[PDB]
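Undergrad: Enclosed is the structure file data_0.csv (CSV, N, CA and C atoms).
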```
chain,number,residue,atom,x,y,z
A,323,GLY,N,0.8,-1.2,0.0
A,323,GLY,CA,0.0,0.0,0.0
A,323,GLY,C,0.8,1.3,0.0
A,324,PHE,N,0.4,2.3,-0.7
A,324,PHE,CA,1.1,3.5,-0.9
A,324,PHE,C,0.3,4.8,-0.5
A,325,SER,N,0.4,5.2,0.7
A,325,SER,CA,-0.5,6.3,1.2
A,325,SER,C,0.3,7.6,1.3
A,326,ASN,N,-0.2,8.6,0.7
A,326,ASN,CA,0.2,10.0,0.9
A,326,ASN,C,-0.8,10.7,1.7
A,327,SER,N,-0.3,11.8,2.4
A,327,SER,CA,-1.2,12.6,3.3
A,327,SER,C,-0.6,14.0,3.5
A,328,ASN,N,-1.4,14.9,3.8
A,328,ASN,CA,-1.1,16.3,4.0
A,328,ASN,C,-2.1,17.0,4.8
A,329,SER,N,-1.7,17.6,5.9
A,329,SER,CA,-2.5,18.3,7.0
A,329,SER,C,-2.1,19.7,7.1
A,330,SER,N,-3.0,20.5,7.7
A,330,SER,CA,-2.6,21.9,8.0
A,330,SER,C,-3.5,22.4,9.2
A,331,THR,N,-2.8,22.7,10.3
A,331,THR,CA,-3.4,23.0,11.6
A,331,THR,C,-3.3,24.5,11.9
A,332,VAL,N,-4.4,25.2,12.0
A,332,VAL,CA,-4.4,26.6,12.3
A,332,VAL,C,-5.0,26.9,13.7
A,333,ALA,N,-4.2,27.6,14.5
A,333,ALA,CA,-4.5,27.7,15.9
A,333,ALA,C,-4.4,29.1,16.4
A,334,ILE,N,-5.0,29.4,17.6
A,334,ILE,CA,-5.0,30.7,18.2
A,334,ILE,C,-5.2,30.6,19.7
A,335,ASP,N,-4.6,31.4,20.5
A,335,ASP,CA,-4.6,31.4,22.0
A,335,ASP,C,-4.8,32.8,22.5
A,336,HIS,N,-5.5,32.9,23.6
A,336,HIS,CA,-5.5,34.1,24.5
A,336,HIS,C,-5.1,33.7,25.9
A,337,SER,N,-4.6,34.6,26.7
A,337,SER,CA,-4.1,34.3,28.0
A,337,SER,C,-4.2,35.5,29.0
A,338,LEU,N,-4.4,35.2,30.2
A,338,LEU,CA,-4.3,36.1,31.3
A,338,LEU,C,-3.3,35.6,32.3
A,339,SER,N,-2.8,36.5,33.2
A,339,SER,CA,-1.9,36.2,34.3
A,339,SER,C,-2.0,37.2,35.4
A,340,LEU,N,-2.2,36.8,36.6
A,340,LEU,CA,-2.3,37.7,37.8
A,340,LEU,C,-1.3,37.3,38.8
A,341,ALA,N,-0.2,38.1,38.9
A,341,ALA,CA,0.9,37.8,39.7
A,341,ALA,C,1.0,38.7,40.9
A,342,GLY,N,0.8,38.2,42.1
A,342,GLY,CA,0.8,39.0,43.3
A,342,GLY,C,2.1,38.6,44.2
A,343,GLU,N,2.8,39.6,44.6
A,343,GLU,CA,4.1,39.3,45.2
A,343,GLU,C,4.3,40.2,46.5
A,344,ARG,N,4.8,39.6,47.5
A,344,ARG,CA,5.1,40.3,48.8
A,344,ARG,C,6.6,40.0,49.1
A,345,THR,N,7.3,41.1,49.2
A,345,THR,CA,8.8,41.0,49.4
A,345,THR,C,9.2,41.6,50.7
A,346,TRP,N,10.0,40.8,51.5
A,346,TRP,CA,10.5,41.3,52.7
A,346,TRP,C,12.1,41.3,52.6
A,347,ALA,N,12.7,42.4,53.1
A,347,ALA,CA,14.1,42.6,52.9
A,347,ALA,C,14.7,43.3,54.1
A,348,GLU,N,15.9,42.9,54.4
A,348,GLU,CA,16.6,43.5,55.6
A,348,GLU,C,18.1,43.6,55.2
A,349,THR,N,18.7,44.7,55.7
A,349,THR,CA,20.0,45.1,55.4
A,349,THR,C,20.7,45.7,56.6
A,350,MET,N,22.0,45.3,56.8
A,350,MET,CA,22.8,45.8,57.9
A,350,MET,C,24.1,46.3,57.4
A,351,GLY,N,24.2,47.6,57.3
A,351,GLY,CA,25.5,48.2,56.9
A,351,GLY,C,26.4,48.6,58.1
A,352,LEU,N,27.7,48.6,57.8
A,352,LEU,CA,28.7,48.8,58.8
A,352,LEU,C,29.9,49.4,58.1
A,353,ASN,N,30.7,50.1,58.9
A,353,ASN,CA,32.0,50.6,58.5
A,353,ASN,C,33.0,50.2,59.5
A,354,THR,N,34.0,49.4,59.1
A,354,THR,CA,35.0,48.8,60.0
A,354,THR,C,35.9,49.8,60.7
A,355,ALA,N,36.0,51.1,60.2
A,355,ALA,CA,36.8,52.1,60.9
A,355,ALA,C,36.0,52.8,61.9
A,356,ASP,N,34.6,52.8,61.8
A,356,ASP,CA,33.8,53.6,62.7
A,356,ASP,C,32.7,52.7,63.3
A,357,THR,N,33.1,51.6,63.9
A,357,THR,CA,32.1,50.7,64.4
A,357,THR,C,31.4,51.2,65.7
A,358,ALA,N,32.2,51.8,66.6
A,358,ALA,CA,31.6,52.1,67.9
A,358,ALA,C,31.9,53.5,68.3
A,359,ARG,N,31.1,54.1,69.1
A,359,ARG,CA,31.2,55.4,69.7
A,359,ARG,C,31.2,55.2,71.2
A,360,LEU,N,32.0,56.0,71.9
A,360,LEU,CA,32.2,55.9,73.3
A,360,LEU,C,31.6,57.0,74.1
A,361,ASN,N,31.4,56.8,75.4
A,361,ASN,CA,30.9,57.8,76.3
A,361,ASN,C,31.3,57.4,77.7
A,362,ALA,N,32.0,58.2,78.4
A,362,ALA,CA,32.5,58.0,79.7
A,362,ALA,C,31.7,58.7,80.8
A,363,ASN,N,31.5,58.0,81.9
A,363,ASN,CA,30.8,58.7,83.1
A,363,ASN,C,31.8,58.8,84.2
A,364,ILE,N,32.3,60.0,84.5
A,364,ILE,CA,33.4,60.3,85.3
A,364,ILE,C,33.1,61.3,86.3
A,365,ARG,N,33.9,61.3,87.4
A,365,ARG,CA,33.9,62.3,88.5
A,365,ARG,C,35.3,62.8,88.7
A,366,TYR,N,35.3,64.0,89.4
A,366,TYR,CA,36.5,64.7,89.8
A,366,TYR,C,36.6,64.6,91.3
A,367,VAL,N,37.8,64.3,91.8
A,367,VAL,CA,38.1,64.1,93.2
A,367,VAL,C,39.2,65.0,93.6
A,368,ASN,N,39.0,65.8,94.7
A,368,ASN,CA,40.2,66.5,95.2
A,368,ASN,C,40.5,65.9,96.5
A,369,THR,N,41.7,65.3,96.6
A,369,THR,CA,42.2,64.8,97.8
A,369,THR,C,43.3,65.8,98.4
A,370,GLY,N,43.6,66.9,97.7
A,370,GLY,CA,44.6,67.8,98.1
A,370,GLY,C,44.2,68.7,99.3
A,371,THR,N,44.9,69.9,99.3
A,371,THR,CA,44.7,70.8,100.4
A,371,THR,C,44.3,72.2,99.9
A,372,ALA,N,44.7,72.6,98.7
A,372,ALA,CA,44.3,73.8,98.2
A,372,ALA,C,43.2,73.6,97.1
A,373,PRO,N,42.2,74.4,96.9
A,373,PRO,CA,41.3,74.3,95.8
A,373,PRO,C,41.9,74.7,94.5
A,374,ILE,N,41.4,74.2,93.4
A,374,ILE,CA,41.8,74.4,92.1
A,374,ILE,C,40.7,74.9,91.2
B,375,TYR,N,24.3,88.0,86.9
B,375,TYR,CA,24.3,88.5,85.5
B,375,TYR,C,25.0,87.6,84.6
B,376,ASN,N,24.5,87.5,83.3
B,376,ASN,CA,25.0,86.7,82.3
B,376,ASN,C,25.1,85.2,82.7
B,377,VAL,N,23.9,84.7,83.0
B,377,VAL,CA,23.7,83.4,83.6
B,377,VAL,C,23.9,82.3,82.5
B,378,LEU,N,24.9,81.4,82.8
B,378,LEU,CA,25.1,80.2,81.9
B,378,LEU,C,25.2,79.0,82.8
B,379,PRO,N,24.2,78.3,83.0
B,379,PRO,CA,24.2,77.1,83.8
B,379,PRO,C,24.9,76.0,83.0
B,380,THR,N,25.5,75.1,83.8
B,380,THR,CA,26.1,73.8,83.2
B,380,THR,C,25.2,72.7,83.7
B,381,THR,N,24.4,72.1,82.8
B,381,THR,CA,23.5,71.0,83.2
B,381,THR,C,23.8,69.7,82.6
B,382,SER,N,23.0,68.7,82.9
B,382,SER,CA,23.3,67.3,82.5
B,382,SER,C,22.0,66.5,82.3
B,383,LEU,N,21.8,65.9,81.2
B,383,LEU,CA,20.8,65.0,80.9
B,383,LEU,C,21.2,63.6,81.3
B,384,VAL,N,20.4,62.9,82.2
B,384,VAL,CA,20.7,61.7,82.8
B,384,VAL,C,19.6,60.7,82.6
B,385,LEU,N,19.9,59.5,82.2
B,385,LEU,CA,18.9,58.4,82.2
B,385,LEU,C,19.1,57.5,83.4
B,386,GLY,N,18.1,56.8,83.8
B,386,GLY,CA,18.1,55.7,84.7
B,386,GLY,C,18.5,56.1,86.1
B,387,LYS,N,19.4,55.3,86.7
B,387,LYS,CA,19.9,55.7,88.1
B,387,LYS,C,20.9,56.8,87.9
B,388,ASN,N,22.0,56.5,87.2
B,388,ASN,CA,23.1,57.5,87.0
B,388,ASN,C,23.7,57.4,85.6
B,389,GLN,N,22.9,57.0,84.6
B,389,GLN,CA,23.4,56.9,83.3
B,389,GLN,C,23.3,58.3,82.6
B,390,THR,N,24.4,59.0,82.6
B,390,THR,CA,24.4,60.4,82.1
B,390,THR,C,24.4,60.3,80.6
B,391,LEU,N,23.3,60.9,80.0
B,391,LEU,CA,23.3,61.1,78.5
B,391,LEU,C,24.4,62.1,78.1
B,392,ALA,N,24.3,63.3,78.7
B,392,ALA,CA,25.1,64.4,78.1
B,392,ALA,C,25.3,65.5,79.2
B,393,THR,N,26.3,66.2,79.1
B,393,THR,CA,26.6,67.4,79.9
B,393,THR,C,26.7,68.6,79.0
B,394,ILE,N,25.9,69.6,79.2
B,394,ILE,CA,25.8,70.7,78.3
B,394,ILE,C,26.0,72.0,79.1
B,395,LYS,N,26.9,72.8,78.6
B,395,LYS,CA,27.0,74.2,79.1
B,395,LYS,C,26.0,75.1,78.3
B,396,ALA,N,25.4,76.0,79.0
B,396,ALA,CA,24.4,76.9,78.3
B,396,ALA,C,25.1,77.8,77.3
B,397,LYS,N,24.6,77.8,76.1
B,397,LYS,CA,25.2,78.6,75.0
B,397,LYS,C,24.5,80.0,74.9
B,398,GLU,N,24.9,80.7,73.8
B,398,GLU,CA,24.5,82.1,73.7
B,398,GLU,C,23.0,82.2,73.4
B,399,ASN,N,22.4,81.2,72.8
B,399,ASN,CA,20.9,81.2,72.8
B,399,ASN,C,20.3,81.0,74.1
B,400,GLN,N,21.0,80.4,75.1
B,400,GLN,CA,20.5,80.1,76.4
B,400,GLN,C,21.0,81.1,77.4
B,401,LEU,N,21.5,82.3,77.0
B,401,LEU,CA,22.0,83.2,78.0
B,401,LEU,C,20.8,84.0,78.7
B,402,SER,N,21.0,84.2,80.0
B,402,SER,CA,20.1,85.0,80.7
B,402,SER,C,20.9,86.2,81.2
B,403,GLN,N,20.4,87.4,80.8
B,403,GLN,CA,21.2,88.6,81.1
B,403,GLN,C,21.0,89.0,82.6
B,404,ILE,N,19.7,88.9,83.1
B,404,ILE,CA,19.4,89.3,84.4
B,404,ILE,C,18.7,88.1,85.1
B,405,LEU,N,19.1,87.7,86.3
B,405,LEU,CA,18.2,86.8,87.1
B,405,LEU,C,18.2,87.5,88.5
B,406,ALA,N,17.2,88.4,88.7
B,406,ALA,CA,16.9,88.9,90.0
B,406,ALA,C,16.4,87.9,90.9
B,407,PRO,N,16.6,88.0,92.2
B,407,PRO,CA,16.0,87.0,93.1
B,407,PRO,C,14.5,87.0,93.2
B,408,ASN,N,13.9,85.9,93.5
B,408,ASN,CA,12.5,85.6,93.4
B,408,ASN,C,11.9,85.8,92.0
B,409,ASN,N,12.7,85.4,91.0
B,409,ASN,CA,12.2,85.5,89.7
B,409,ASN,C,12.6,84.3,88.8
B,410,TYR,N,12.0,84.3,87.7
B,410,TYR,CA,12.2,83.2,86.7
B,410,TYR,C,12.8,83.8,85.4
B,411,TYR,N,13.6,83.0,84.7
B,411,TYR,CA,14.0,83.3,83.3
B,411,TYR,C,13.6,82.1,82.5
B,412,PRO,N,12.6,82.3,81.5
B,412,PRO,CA,11.9,83.6,81.3
B,412,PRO,C,10.7,83.6,82.3
B,413,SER,N,10.0,84.7,82.2
B,413,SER,CA,8.9,84.9,83.2
B,413,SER,C,7.8,83.9,83.1
B,414,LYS,N,7.0,83.8,84.1
B,414,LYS,CA,6.1,82.6,84.3
B,414,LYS,C,5.0,82.6,83.3
B,415,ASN,N,4.6,83.8,82.8
B,415,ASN,CA,3.6,83.8,81.8
B,415,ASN,C,4.1,83.3,80.4
B,416,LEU,N,5.4,83.5,80.2
B,416,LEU,CA,6.0,83.0,79.0
B,416,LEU,C,6.4,81.5,79.1
B,417,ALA,N,6.7,80.9,77.9
B,417,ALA,CA,7.0,79.5,77.8
B,417,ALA,C,8.5,79.3,78.1
B,418,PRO,N,8.9,78.2,78.7
B,418,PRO,CA,10.3,77.9,79.0
B,418,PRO,C,11.2,77.8,77.7
B,419,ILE,N,12.5,77.9,77.9
B,419,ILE,CA,13.4,78.0,76.8
B,419,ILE,C,13.8,76.6,76.4
B,420,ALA,N,14.3,76.5,75.2
B,420,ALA,CA,14.6,75.2,74.5
B,420,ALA,C,16.1,75.1,74.4
B,421,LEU,N,16.6,73.9,74.9
B,421,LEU,CA,18.0,73.5,74.8
B,421,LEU,C,18.1,72.3,74.0
B,422,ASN,N,18.8,72.4,72.8
B,422,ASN,CA,18.8,71.3,71.9
B,422,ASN,C,20.2,71.1,71.2
B,423,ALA,N,21.3,71.7,71.8
B,423,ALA,CA,22.5,71.8,71.0
B,423,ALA,C,23.7,71.3,71.9
B,424,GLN,N,24.7,70.8,71.2
B,424,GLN,CA,25.9,70.4,71.9
B,424,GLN,C,27.1,71.2,71.5
B,425,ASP,N,27.2,71.8,70.2
B,425,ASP,CA,28.3,72.5,69.8
B,425,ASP,C,28.4,73.9,70.5
B,426,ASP,N,29.6,74.4,70.5
B,426,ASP,CA,29.8,75.8,71.0
B,426,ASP,C,29.2,76.8,70.0
```
Go ahead and express the file in the form of structure tokens.
TA:
Amino acid sequence: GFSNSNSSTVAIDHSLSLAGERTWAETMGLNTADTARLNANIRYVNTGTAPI
Amino acid sequence: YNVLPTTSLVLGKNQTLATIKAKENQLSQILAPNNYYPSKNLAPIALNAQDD
């Protein structure tokens, strides 16, 4: 048997898409030369004999 | 005359935030006895600075 054949398919598509996104982000910047700041709590004591 | 108090902001028991000398915005020319600077009808003054 000797069968020939020939087809032609014509198509079309429509589409929707609803994309909802919630993004959480956190960042911690630092400078190695200026990491900390200081503060002293100090008093002055006179154990002498004359005031200054 | 020319009143410049030296005051201190303190947290907690004795955690001192800052020690500030009164600047030229905070100068009181006259403080007569039994008086206020500023007067009681007026609003008190604002201290918000650290620089000279």
Undergrad: Any chance you could tabulate, as a tab-separated table, the residues of chain A at most 12 Å from chain B with each one's nearest atom pair and distance in Å to one decimal, using only C-alpha atoms, in chain and rising number order?
TA:
```
residue	atom	partner	partner_atom	distance
A:360	CA	B:391	CA	11.5
A:361	CA	B:391	CA	8.6
A:362	CA	B:390	CA	8.8
A:363	CA	B:390	CA	6.7
A:364	CA	B:390	CA	9.6
A:365	CA	B:390	CA	11.6
```
Undergrad: Could you dump the residues just selected with N, CA and C atoms as a JSON list (two decimals), in the frame of the given file?
TA:
```
[["chain", "number", "residue", "atom", "x", "y", "z"],
["A", 360, "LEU", "N", 32.00, 56.00, 71.90],
["A", 360, "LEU", "CA", 32.20, 55.90, 73.30],
["A", 360, "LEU", "C", 31.60, 57.00, 74.10],
["A", 361, "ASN", "N", 31.40, 56.80, 75.40],
["A", 361, "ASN", "CA", 30.90, 57.80, 76.30],
["A", 361, "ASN", "C", 31.30, 57.40, 77.70],
["A", 362, "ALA", "N", 32.00, 58.20, 78.40],
["A", 362, "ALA", "CA", 32.50, 58.00, 79.70],
["A", 362, "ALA", "C", 31.70, 58.70, 80.80],
["A", 363, "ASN", "N", 31.50, 58.00, 81.90],
["A", 363, "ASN", "CA", 30.80, 58.70, 83.10],
["A", 363, "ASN", "C", 31.80, 58.80, 84.20],
["A", 364, "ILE", "N", 32.30, 60.00, 84.50],
["A", 364, "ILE", "CA", 33.40, 60.30, 85.30],
["A", 364, "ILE", "C", 33.10, 61.30, 86.30],
["A", 365, "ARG", "N", 33.90, 61.30, 87.40],
["A", 365, "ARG", "CA", 33.90, 62.30, 88.50],
["A", 365, "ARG", "C", 35.30, 62.80, 88.70]]
```
Undergrad: For atom C of residue B:386 and atom C of residue B:421, quote the distance in Å rounded to one decimal.
TA: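 Separation between atom C of residue B:386 and atom C of residue B:421: 20.2 Å.
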Undergrad: Could you jot down the atom CA of residue B:417 to atom CA of residue B:381 separation for me, Å, one decimal place?
TA: 19.3 Å
Undergrad: Record the distance separating atom C of residue A:368 and atom CA of residue B:395, expressed in Å with one decimal.
TA: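 The value is 23.5 Å.
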Undergrad: Find the spatial neighbours of residue B:411, counting only C-alpha atoms, within a cut-off of 12 Å - ignore same-chain residues fewer than 2 positions away - and output them as JSON, numbers by chain.
TA: {"B": [375, 376, 377, 378, 379, 400, 401, 402, 403, 404, 405, 406, 407, 408, 409, 413, 414, 415, 416, 417, 418, 419, 420]}
Undergrad: Write to file, as a PDB file, in the coordinates of the input, the residues of the selection just made, with N, CA and C atoms.
TA:
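Contents of the output file part06.pdb:
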```pdb
ATOM      1  N   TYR B 375      24.300  88.000  86.900  1.00  0.00           N
ATOM      2  CA  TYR B 375      24.300  88.500  85.500  1.00  0.00           C
ATOM      3  C   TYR B 375      25.000  87.600  84.600  1.00  0.00           C
ATOM      4  N   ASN B 376      24.500  87.500  83.300  1.00  0.00           N
ATOM      5  CA  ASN B 376      25.000  86.700  82.300  1.00  0.00           C
ATOM      6  C   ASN B 376      25.100  85.200  82.700  1.00  0.00           C
ATOM      7  N   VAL B 377      23.900  84.700  83.000  1.00  0.00           N
ATOM      8  CA  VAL B 377      23.700  83.400  83.600  1.00  0.00           C
ATOM      9  C   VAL B 377      23.900  82.300  82.500  1.00  0.00           C
ATOM     10  N   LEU B 378      24.900  81.400  82.800  1.00  0.00           N
ATOM     11  CA  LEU B 378      25.100  80.200  81.900  1.00  0.00           C
ATOM     12  C   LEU B 378      25.200  79.000  82.800  1.00  0.00           C
ATOM     13  N   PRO B 379      24.200  78.300  83.000  1.00  0.00           N
ATOM     14  CA  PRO B 379      24.200  77.100  83.800  1.00  0.00           C
ATOM     15  C   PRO B 379      24.900  76.000  83.000  1.00  0.00           C
ATOM     16  N   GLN B 400      21.000  80.400  75.100  1.00  0.00           N
ATOM     17  CA  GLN B 400      20.500  80.100  76.400  1.00  0.00           C
ATOM     18  C   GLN B 400      21.000  81.100  77.400  1.00  0.00           C
ATOM     19  N   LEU B 401      21.500  82.300  77.000  1.00  0.00           N
ATOM     20  CA  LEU B 401      22.000  83.200  78.000  1.00  0.00           C
ATOM     21  C   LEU B 401      20.800  84.000  78.700  1.00  0.00           C
ATOM     22  N   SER B 402      21.000  84.200  80.000  1.00  0.00           N
ATOM     23  CA  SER B 402      20.100  85.000  80.700  1.00  0.00           C
ATOM     24  C   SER B 402      20.900  86.200  81.200  1.00  0.00           C
ATOM     25  N   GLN B 403      20.400  87.400  80.800  1.00  0.00           N
ATOM     26  CA  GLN B 403      21.200  88.600  81.100  1.00  0.00           C
ATOM     27  C   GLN B 403      21.000  89.000  82.600  1.00  0.00           C
ATOM     28  N   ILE B 404      19.700  88.900  83.100  1.00  0.00           N
ATOM     29  CA  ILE B 404      19.400  89.300  84.400  1.00  0.00           C
ATOM     30  C   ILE B 404      18.700  88.100  85.100  1.00  0.00           C
ATOM     31  N   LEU B 405      19.100  87.700  86.300  1.00  0.00           N
ATOM     32  CA  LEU B 405      18.200  86.800  87.100  1.00  0.00           C
ATOM     33  C   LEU B 405      18.200  87.500  88.500  1.00  0.00           C
ATOM     34  N   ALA B 406      17.200  88.400  88.700  1.00  0.00           N
ATOM     35  CA  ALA B 406      16.900  88.900  90.000  1.00  0.00           C
ATOM     36  C   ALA B 406      16.400  87.900  90.900  1.00  0.00           C
ATOM     37  N   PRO B 407      16.600  88.000  92.200  1.00  0.00           N
ATOM     38  CA  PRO B 407      16.000  87.000  93.100  1.00  0.00           C
ATOM     39  C   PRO B 407      14.500  87.000  93.200  1.00  0.00           C
ATOM     40  N   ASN B 408      13.900  85.900  93.500  1.00  0.00           N
ATOM     41  CA  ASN B 408      12.500  85.600  93.400  1.00  0.00           C
ATOM     42  C   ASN B 408      11.900  85.800  92.000  1.00  0.00           C
ATOM     43  N   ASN B 409      12.700  85.400  91.000  1.00  0.00           N
ATOM     44  CA  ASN B 409      12.200  85.500  89.700  1.00  0.00           C
ATOM     45  C   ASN B 409      12.600  84.300  88.800  1.00  0.00           C
ATOM     46  N   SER B 413      10.000  84.700  82.200  1.00  0.00           N
ATOM     47  CA  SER B 413       8.900  84.900  83.200  1.00  0.00           C
ATOM     48  C   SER B 413       7.800  83.900  83.100  1.00  0.00           C
ATOM     49  N   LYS B 414       7.000  83.800  84.100  1.00  0.00           N
ATOM     50  CA  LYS B 414       6.100  82.600  84.300  1.00  0.00           C
ATOM     51  C   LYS B 414       5.000  82.600  83.300  1.00  0.00           C
ATOM     52  N   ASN B 415       4.600  83.800  82.800  1.00  0.00           N
ATOM     53  CA  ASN B 415       3.600  83.800  81.800  1.00  0.00           C
ATOM     54  C   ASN B 415       4.100  83.300  80.400  1.00  0.00           C
ATOM     55  N   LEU B 416       5.400  83.500  80.200  1.00  0.00           N
ATOM     56  CA  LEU B 416       6.000  83.000  79.000  1.00  0.00           C
ATOM     57  C   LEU B 416       6.400  81.500  79.100  1.00  0.00           C
ATOM     58  N   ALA B 417       6.700  80.900  77.900  1.00  0.00           N
ATOM     59  CA  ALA B 417       7.000  79.500  77.800  1.00  0.00           C
ATOM     60  C   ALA B 417       8.500  79.300  78.100  1.00  0.00           C
ATOM     61  N   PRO B 418       8.900  78.200  78.700  1.00  0.00           N
ATOM     62  CA  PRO B 418      10.300  77.900  79.000  1.00  0.00           C
ATOM     63  C   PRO B 418      11.200  77.800  77.700  1.00  0.00           C
ATOM     64  N   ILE B 419      12.500  77.900  77.900  1.00  0.00           N
ATOM     65  CA  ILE B 419      13.400  78.000  76.800  1.00  0.00           C
ATOM     66  C   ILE B 419      13.800  76.600  76.400  1.00  0.00           C
ATOM     67  N   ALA B 420      14.300  76.500  75.200  1.00  0.00           N
ATOM     68  CA  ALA B 420      14.600  75.200  74.500  1.00  0.00           C
ATOM     69  C   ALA B 420      16.100  75.100  74.400  1.00  0.00           C
TER      70      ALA B 420
END
```
